[PDB]
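Scroll down for the structure; my scribbles are underneath it.
Along the sequence shown, residues carry numbers from 1.
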Amino acid sequence: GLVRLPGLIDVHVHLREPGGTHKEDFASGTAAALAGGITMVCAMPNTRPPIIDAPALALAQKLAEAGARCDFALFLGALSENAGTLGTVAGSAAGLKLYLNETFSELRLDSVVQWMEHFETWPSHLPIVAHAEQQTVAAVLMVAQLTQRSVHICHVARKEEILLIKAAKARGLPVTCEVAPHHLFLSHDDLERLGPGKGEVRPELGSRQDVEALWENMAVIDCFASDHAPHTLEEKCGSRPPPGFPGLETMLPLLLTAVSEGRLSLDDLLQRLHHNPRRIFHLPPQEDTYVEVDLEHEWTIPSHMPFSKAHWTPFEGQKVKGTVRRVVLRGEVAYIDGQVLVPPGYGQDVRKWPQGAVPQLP
Ligand SMILES: NC(=O)N[C@@H](CC(=O)O)C(=O)O
Ligand SMILES: [Zn+2]
Ligand SMILES: [Zn+2]
Ligand SMILES: [Zn+2]
Ligand SMILES: [Zn+2]
């Protein structure tokens, strides 16, 4: 007895093309998405070249249209000197990403004044998302208030962060957030097994109290998003390990296991992987699109999942209950039981669909 789910949406993935294609490309990363029950992804802009102007966006659009197997939208990235220059292309992007802390990015902003300049110049009806850890969450919320608009907080990982967001929502402030599976299912207790290279991620893995606080405050979490951040094992275990975990192929199995245990409901999962992504990012429906899952099948996560070029996973050894059996995307069988059945290039840029433009006042 399979359960039919709508097409799930991951609003935070790194597909590494252009410029990091040994780690992942559009074709391999979207294969990983489909195998994880994800039919639409929003790809981050910290590529090489980074997606920080109209020419880079045009390149990335063509690479994605040629390589993606599922549908997508592409983020633009903020830089210290590109505020006020993105207006002609802003509506074609998923949103604008701000990198406000140290991480795997060359995009960090130098001054809160540059955050203000972006919030003032980026069109007010279009999404802004931020990598903002600890007190940076409070700082970016202040900038959003000064400029009288909303903000979405990426990968919330700490008790401190979720309680600050909770307090802001209680005051009626327009803030949303997402949580990644590693911050729900891994902690400091896993660092001995992972070791110091594999364990590198931003935000870093939290304490048991951080993990417990995210679960206790599920009502505050608007979305789940993988922050799929593939790097090869050689890179993770070398002299200067980059932070990040692959996650597309493991996210839905981990969350289905939690549903089976009664830790959240099926509806709670679908709000966070379908309805709230749609409404926060103004992403369009996908016609004739659904995911069939088997909630009974028990399995153990192996040392690498089949599709991601990262070829490793921090969830190795965890026992899960739930698997993706079939995905149909826009009327075509896209995935069955380990086989991807749509070619590179089947996926489309949802921002080019009439229904994928963000409504605005004239
Ligand atoms: N989270 C990470 O540790 N790494 C991400 C970047 C990010 O989401 O900050 C990556 O692109 O590798
Ligand atoms: Zn980040
Ligand atoms: Zn994000
Ligand atoms: Zn990221
Ligand atoms: Zn529904």
Side-chain angles (χ1 to χ4, degrees), residues 7-47 49-77 89 92-95 97 104-105 225-232 235 242 244-251 277 281 283-284 286 289 291 304-311 324 327-336 338-351 353 356:
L8 308 181
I9 302 171
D10 193 335
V11 300
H12 192 152
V13 306
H14 295 272
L15 302 177
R16 305 300 193 208
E17 182 170 11
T21 61
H22 64 287
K23 299 172 184 287
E24 203 75 279
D25 55 29
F26 281 111
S28 65
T30 62
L34 291 168
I38 308 301
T39 57
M40 182 189 314
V41 297
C42 299
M44 290 293 172
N46 59 340
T47 53
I51 308 319
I52 55 65
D53 63 10
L57 180 62
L59 171 67
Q61 287 173 328
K62 289 302 191 183
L63 295 172
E65 288 183 335
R69 306 171 188 265
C70 70
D71 299 324
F72 64 83
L74 304 180
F75 282 99
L76 281 156
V89 294
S92 297
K97 172 73 172 294
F104 187 74
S105 108
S226 62
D227 190 23
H228 179 80
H231 301 285
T232 68
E235 298 175 318
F245 299 157
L248 280 160
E249 290 166 275
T250 49
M251 172 159 74
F281 293 88
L283 299 165
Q286 295 173 290
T289 296
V291 176
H304 69 269
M305 285 320 274
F307 297 98
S308 174
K309 301 187 186 179
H311 207 260
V324 177
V327 179
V328 171
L329 175 59
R330 292 177 285 100
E332 299 298 329
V333 181
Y335 176 81
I336 297 176
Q339 171 88 41
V340 174
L341 295 168
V342 284
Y346 184 73
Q348 298 180 17
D349 184 352
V350 304
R351 282 281 188 252
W353 300 350

Quiz prompt | Sidechain-backbone polar pair: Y346 side chain, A334 backbone, donor-acceptor under 3.5 Å | solution = no

Side-chain donor/acceptor pairs under 3.5 Å, residues 51-58, sequence neighbours excluded:
{"unit_1": "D53", "atom_1": "OD1", "unit_2": "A56", "atom_2": "N", "d": "3.0"}

Quiz prompt | Least distance between heavy atoms, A35 atom then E249 atom | solution = CB-CG, 4.3 Å

Quiz item: Can you pull the salt bridge (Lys or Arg N to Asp or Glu O under 4.0 Å) pairs that have at least one residue in residues 25-36, sequence neighbours excluded?
Solution: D25-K309

Practice problem: Please name the pair of heavy atoms, one in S92 and one in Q61, separated by the smallest distance, quoted to 0.1 Å. | Solution: CB-NE2, 4.2 Å

Quiz item: Under a 4.5 Å cut-off applied to non-hydrogen side-chain atoms, are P45 and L76 in contact?
Solution: no

Self-check item: Non-neighbouring partners of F307 that pass ring pair (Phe, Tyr, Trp, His ring centres under 6.0 Å), sequence neighbours left out
Solution: none

Quiz item: Considering only heavy atoms from C-beta outward, does the side chain of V327 approach that of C70 to under 4.5 Å?
Solution: no

Practice problem: Please name the pair of heavy atoms, one in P284 and one in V350, separated by the smallest distance, quoted to 0.1 Å. | Solution: CG-CB, 3.7 Å

Quiz prompt | For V333 against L341, the heavy-atom pair lying closest together | solution = O-CB, 3.5 Å

Quiz item: Are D71 and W353 side-chain neighbours, meaning at least one heavy-atom pair lies under 4.5 Å?
Solution: yes

Quiz item: With sequence neighbours left out, what residues match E24 under side chain to side chain donor-acceptor pair (under 3.5 Å)?
Solution: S28, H228, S308

Quiz prompt | Minimum heavy-atom distance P242-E235, with the two atoms named | solution = CD-O, 3.3 Å

Practice problem: Please list all pairs passing the ring-ring contact (aromatic ring centres under 6.0 Å, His included) test where one or both residues lie in residues 11-39, with sequence neighbours left out. | Solution: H12-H14, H12-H155

Quiz prompt | Side chain to side chain, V291 and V324, heavy atoms closer than 4.5 Å | solution = yes

Exercise. Could you pull out the closest heavy-atom pair between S226 and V13, with the gap in Å?
Key: OG-CG1, 3.9 Å

Quiz item: Within the distance-only criterion (no hydrogens, no angle test), does the side chain of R330 pair as donor or acceptor with the backbone N or O of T289 below 3.5 angstrom?
Solution: no

Quiz item: How about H311: does its NE2 atom have over 12 heavy atoms from other parts shown lying under 6.0 Å from it?
Solution: no

Practice problem: Identify, with sequence neighbours excluded, every residue that meets side chain to side chain donor-acceptor pair (under 3.5 Å) alongside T30. | Solution: none

Practice problem: Look only at the side chain of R16 and the backbone of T21, and say whether a donor-acceptor pair between them is shorter than 3.5 Å. | Solution: no

Quiz prompt | Reference residue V41; test side chain to side chain contact (heavy atoms under 4.5 Å, CB included); the match among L34, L15, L74 | solution = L15

Practice problem: For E332 and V342, indicate whether the former's side chain and the latter's backbone hold a donor-acceptor pair under 3.5 Å. | Solution: no

